[PDB]
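Source file: input.txt; contents: compact mmCIF, C-alpha atoms.
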# COMPACT_ATOMS: atom_id res chain seq x y z
CA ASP N 1 -23.78 -3.06 -0.41
CA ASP N 2 -27.04 -2.18 1.34
CA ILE N 3 -25.50 -3.19 4.68
CA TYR N 4 -23.28 -0.10 4.49
CA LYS N 5 -26.36 2.03 3.79
CA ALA N 6 -28.10 0.50 6.81
CA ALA N 7 -25.03 1.15 8.97
CA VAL N 8 -25.16 4.75 7.77
CA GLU N 9 -28.80 4.85 8.86
CA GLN N 10 -27.98 3.30 12.26
CA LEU N 11 -25.30 5.91 13.03
CA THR N 12 -24.07 5.02 16.51
CA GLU N 13 -23.70 8.31 18.36
CA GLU N 14 -21.11 6.99 20.83
CA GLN N 15 -18.63 6.44 18.00
CA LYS N 16 -20.13 9.43 16.16
CA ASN N 17 -18.61 11.70 18.81
CA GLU N 18 -15.12 10.40 18.03
CA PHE N 19 -15.70 10.44 14.27
CA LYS N 20 -16.82 14.07 14.35
CA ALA N 21 -13.83 14.78 16.58
CA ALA N 22 -11.80 13.40 13.67
CA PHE N 23 -13.83 15.67 11.38
CA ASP N 24 -12.80 18.68 13.47
CA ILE N 25 -9.16 17.64 13.92
CA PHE N 26 -8.71 17.06 10.19
CA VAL N 27 -10.77 19.97 8.83
CA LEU N 28 -9.06 23.19 9.94
CA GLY N 29 -11.76 25.35 8.35
CA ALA N 30 -13.84 24.88 5.19
CA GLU N 31 -11.58 21.97 4.31
CA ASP N 32 -12.96 19.72 1.57
CA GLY N 33 -11.28 16.65 3.07
CA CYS N 34 -7.87 16.41 1.42
CA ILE N 35 -7.54 12.97 3.09
CA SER N 36 -4.30 13.04 5.04
CA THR N 37 -3.86 9.31 5.56
CA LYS N 38 -1.16 10.14 8.10
CA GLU N 39 -3.76 12.19 9.97
CA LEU N 40 -6.21 9.34 9.39
CA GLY N 41 -3.88 6.84 11.06
CA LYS N 42 -3.04 9.25 13.88
CA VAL N 43 -6.76 9.73 14.51
CA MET N 44 -7.38 5.97 14.37
CA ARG N 45 -4.67 5.35 16.97
CA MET N 46 -5.74 8.37 19.03
CA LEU N 47 -9.45 7.55 19.18
CA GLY N 48 -8.69 4.22 20.90
CA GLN N 49 -9.27 2.00 17.86
CA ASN N 50 -6.63 -0.58 16.97
CA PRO N 51 -6.05 -0.35 13.20
CA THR N 52 -3.54 -2.80 11.80
CA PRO N 53 -0.71 -1.15 9.81
CA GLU N 54 -1.98 -3.06 6.78
CA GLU N 55 -5.41 -1.53 7.38
CA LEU N 56 -3.88 1.95 7.41
CA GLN N 57 -1.94 1.00 4.27
CA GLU N 58 -5.20 0.01 2.58
CA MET N 59 -6.64 3.35 3.69
CA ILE N 60 -3.64 5.07 2.09
CA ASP N 61 -4.10 3.11 -1.14
CA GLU N 62 -7.92 3.34 -1.29
CA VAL N 63 -8.42 7.11 -1.01
CA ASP N 64 -8.32 10.16 -3.29
CA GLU N 65 -10.34 8.31 -5.91
CA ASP N 66 -11.34 11.80 -7.06
CA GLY N 67 -7.70 12.60 -7.80
CA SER N 68 -7.98 16.01 -6.10
CA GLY N 69 -7.62 14.72 -2.53
CA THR N 70 -11.15 15.94 -1.74
CA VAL N 71 -13.18 12.87 -0.77
CA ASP N 72 -16.86 13.04 0.15
CA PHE N 73 -17.49 12.61 3.86
CA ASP N 74 -20.07 9.97 2.88
CA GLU N 75 -17.72 7.41 1.31
CA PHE N 76 -14.84 8.35 3.61
CA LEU N 77 -17.11 7.95 6.64
CA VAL N 78 -18.29 4.58 5.33
CA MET N 79 -14.68 3.48 4.91
CA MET N 80 -13.85 4.67 8.43
CA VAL N 81 -16.82 2.93 10.07
CA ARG N 82 -16.22 -0.32 8.20
CA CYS N 83 -12.50 -0.30 8.99
CA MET N 84 -13.64 0.14 12.60
CA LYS N 85 -14.51 -3.15 14.31
CA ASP N 86 -18.29 -3.61 14.14
CA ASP N 87 -18.84 -7.34 14.75
CA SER N 88 -19.32 -9.88 17.55
CA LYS N 89 -16.90 -12.71 16.76
CA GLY N 90 -19.04 -13.85 13.82
CA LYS N 91 -21.38 -16.42 15.39
CA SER N 92 -20.20 -19.37 17.49
CA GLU N 93 -17.93 -22.30 16.75
CA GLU N 94 -20.68 -24.63 17.98
CA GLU N 95 -23.03 -23.06 15.45
CA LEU N 96 -20.31 -23.47 12.82
CA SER N 97 -19.92 -27.16 13.63
CA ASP N 98 -23.66 -27.83 13.63
CA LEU N 99 -24.18 -25.98 10.35
CA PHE N 100 -21.24 -27.78 8.74
CA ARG N 101 -22.86 -31.02 9.92
CA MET N 102 -25.95 -29.81 8.06
CA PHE N 103 -23.77 -29.05 5.01
CA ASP N 104 -22.07 -32.48 4.99
CA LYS N 105 -24.59 -34.09 2.67
CA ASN N 106 -21.57 -35.96 1.30
CA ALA N 107 -21.26 -37.35 4.86
CA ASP N 108 -17.50 -37.56 4.32
CA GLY N 109 -16.27 -35.44 7.22
CA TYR N 110 -16.23 -32.24 5.15
CA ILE N 111 -17.91 -30.50 2.24
CA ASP N 112 -16.75 -29.60 -1.27
CA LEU N 113 -16.21 -26.18 -2.78
CA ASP N 114 -18.18 -27.57 -5.71
CA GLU N 115 -20.78 -28.71 -3.18
CA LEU N 116 -20.62 -25.20 -1.71
CA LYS N 117 -21.19 -23.75 -5.19
CA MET N 118 -24.19 -26.00 -5.79
CA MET N 119 -25.68 -25.22 -2.37
CA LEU N 120 -25.44 -21.48 -2.94
CA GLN N 121 -26.80 -22.08 -6.44
CA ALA N 122 -29.84 -23.63 -4.75
CA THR N 123 -30.36 -20.23 -3.10
CA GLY N 124 -31.30 -18.75 -6.48
CA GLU N 125 -29.00 -15.76 -6.04
CA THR N 126 -26.92 -13.79 -8.51
CA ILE N 127 -23.33 -14.95 -9.01
CA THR N 128 -20.96 -12.46 -10.61
CA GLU N 129 -17.26 -11.58 -10.80
CA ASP N 130 -17.40 -10.58 -7.14
CA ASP N 131 -18.94 -14.03 -6.64
CA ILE N 132 -18.06 -17.42 -8.15
CA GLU N 133 -14.27 -17.48 -8.25
CA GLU N 134 -13.03 -16.25 -4.88
CA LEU N 135 -15.92 -18.07 -3.19
CA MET N 136 -14.46 -21.46 -4.10
CA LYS N 137 -10.91 -20.07 -3.85
CA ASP N 138 -11.27 -19.11 -0.19
CA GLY N 139 -13.76 -21.77 0.90
CA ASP N 140 -11.10 -24.37 0.13
CA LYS N 141 -8.45 -21.80 0.98
CA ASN N 142 -5.80 -24.49 1.42
CA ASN N 143 -6.91 -25.83 -2.00
CA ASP N 144 -7.47 -29.48 -1.10
CA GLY N 145 -10.12 -29.96 -3.79
CA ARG N 146 -12.68 -29.99 -0.96
CA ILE N 147 -13.62 -27.68 1.89
CA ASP N 148 -12.42 -29.14 5.18
CA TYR N 149 -14.18 -28.28 8.43
CA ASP N 150 -11.42 -25.91 9.55
CA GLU N 151 -11.41 -24.54 6.00
CA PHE N 152 -15.13 -23.84 6.39
CA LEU N 153 -14.34 -22.09 9.68
CA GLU N 154 -11.53 -19.99 8.19
CA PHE N 155 -13.69 -19.08 5.18
CA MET N 156 -16.16 -16.98 7.18
CA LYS N 157 -14.86 -16.69 10.74
CA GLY N 158 -15.74 -13.49 12.55
CA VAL N 159 -18.40 -12.60 9.95
CA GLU N 160 -22.12 -12.34 10.67
CA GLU Y 1 9.84 59.91 51.27
CA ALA Y 2 6.45 58.83 49.90
CA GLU Y 3 7.20 60.00 46.37
CA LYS Y 4 10.60 58.29 46.28
CA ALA Y 5 8.96 55.11 47.58
CA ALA Y 6 6.35 55.39 44.82
CA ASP Y 7 9.08 55.65 42.20
CA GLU Y 8 10.85 52.56 43.55
CA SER Y 9 7.64 50.56 43.87
CA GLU Y 10 6.78 51.31 40.24
CA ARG Y 11 10.35 50.29 39.39
CA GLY Y 12 9.87 46.89 41.00
CA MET Y 13 6.42 46.46 39.46
CA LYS Y 14 7.76 47.12 35.97
CA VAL Y 15 10.67 44.74 36.52
CA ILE Y 16 8.29 41.95 37.52
CA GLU Y 17 6.10 42.77 34.51
CA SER Y 18 9.01 42.30 32.12
CA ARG Y 19 10.19 39.11 33.81
CA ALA Y 20 6.69 37.62 33.64
CA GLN Y 21 6.51 38.43 29.93
CA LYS Y 22 9.81 36.67 29.28
CA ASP Y 23 8.58 33.67 31.24
CA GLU Y 24 5.38 33.49 29.18
CA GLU Y 25 7.48 33.49 26.03
CA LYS Y 26 9.55 30.58 27.35
CA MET Y 27 6.36 28.82 28.42
CA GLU Y 28 4.83 28.87 24.94
CA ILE Y 29 8.14 27.83 23.35
CA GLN Y 30 8.39 24.85 25.67
CA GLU Y 31 4.72 24.14 24.89
CA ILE Y 32 5.26 23.76 21.16
CA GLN Y 33 8.39 21.75 21.94
CA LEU Y 34 6.33 19.40 24.13
CA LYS Y 35 3.80 18.83 21.35
CA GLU Y 36 6.63 17.99 18.96
CA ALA Y 37 7.97 15.61 21.60
CA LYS Y 38 4.65 13.80 21.89
CA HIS Y 39 4.46 13.34 18.13
CA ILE Y 40 7.99 11.94 17.98
CA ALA Y 41 7.02 9.56 20.77
CA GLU Y 42 4.00 8.25 18.88
CA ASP Y 43 6.07 7.75 15.72
CA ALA Y 44 8.66 5.74 17.64
CA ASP Y 45 5.87 3.66 19.19
CA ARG Y 46 4.46 2.74 15.80
CA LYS Y 47 7.90 1.82 14.49
CA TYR Y 48 8.37 -0.40 17.54
CA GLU Y 49 5.15 -2.31 16.99
CA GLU Y 50 6.08 -2.77 13.34
CA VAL Y 51 9.55 -4.16 13.96
CA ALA Y 52 8.23 -6.49 16.65
CA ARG Y 53 5.77 -7.91 14.15
CA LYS Y 54 8.52 -8.48 11.60
CA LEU Y 55 10.78 -10.22 14.11
CA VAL Y 56 8.01 -12.56 15.25
CA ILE Y 57 7.35 -13.60 11.67
Written as structure tokens, that's how I'd like the structure from this file.
Amino acid sequence: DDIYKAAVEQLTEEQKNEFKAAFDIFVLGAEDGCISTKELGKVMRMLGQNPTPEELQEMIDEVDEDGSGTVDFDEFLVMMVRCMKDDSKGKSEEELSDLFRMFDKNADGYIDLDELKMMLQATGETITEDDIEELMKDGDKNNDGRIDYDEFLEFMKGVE
Amino acid sequence: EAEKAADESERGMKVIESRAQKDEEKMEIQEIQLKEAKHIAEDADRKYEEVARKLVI
């Protein structure tokens, strides 16, 4: 979304040095970015970042959307920066508890994924295929018919 | 005496030239070998992390 565009605008130069080092290491001259996911993972490990093997697998399976290997440095760079950790623990657990206290209009020690749906509906925001289903699926991730407090934590932990 | 000494000195100089060239060859060969070694090391490291994860699970 627009957050990725903003992150592109706020290009952090400290990590930009390492990302352009990756640009140089990969591109051996007029290379149109064939996307060597092996080279991608080797760069990710080399540059000090800690990519999970599943993250590198996703990188392998979410590249070469052109079909010719040549992937625009824009989308590839966005994928690289987002796969890189850019977050501060996603708020505080005390904030989470206080806000869940706010959300417990049912006053039953938790909230409901239906209650969650209605509360976000009160926001007057667009709900789509990206929205709606997985929202309630992962809010009550354990699928108790209601969103427990720890379920509310696990739904959006580490996210700002 | 001086001319004979000149011939022998050039002899020794040329011998050291050739030896140094051979050594440079061996140096570059060991250099590419060392790079290959580092890559093998990193591959083994990744495999190790992976198998550790599996065993924990």
Subject >> chain Y contacts to chain N at 9 Å (all atoms listed in the file) as a ChimeraX atom specification >> reply: /Y:42,46,50
Subject >> Point-to-point distance from atom CA of residue 96 of chain N to atom CA of residue 156 of chain N, Å rounded to tenths >> reply: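 So the answer is 9.5 Å.
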Original post:
Which one is closest to residue 5 of chain N: N:108, N:74, N:31, N:39? Count all atoms listed in the file.
Top reply: N:74
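With atom CA of residue 89 of chain N on one side and atom CA of residue 6 of chain N on the other, the separation reads 20.0 Å.
Near segment 140-150 of chain N, within a cut-off of 8 Å and counting only C-alpha atoms, sit the residues residues 97, 100, 109, 110, 111, 112, 113, 114, 136, 137, 153, 154 and 155 of chain N, with same-chain residues fewer than 3 positions away left out.
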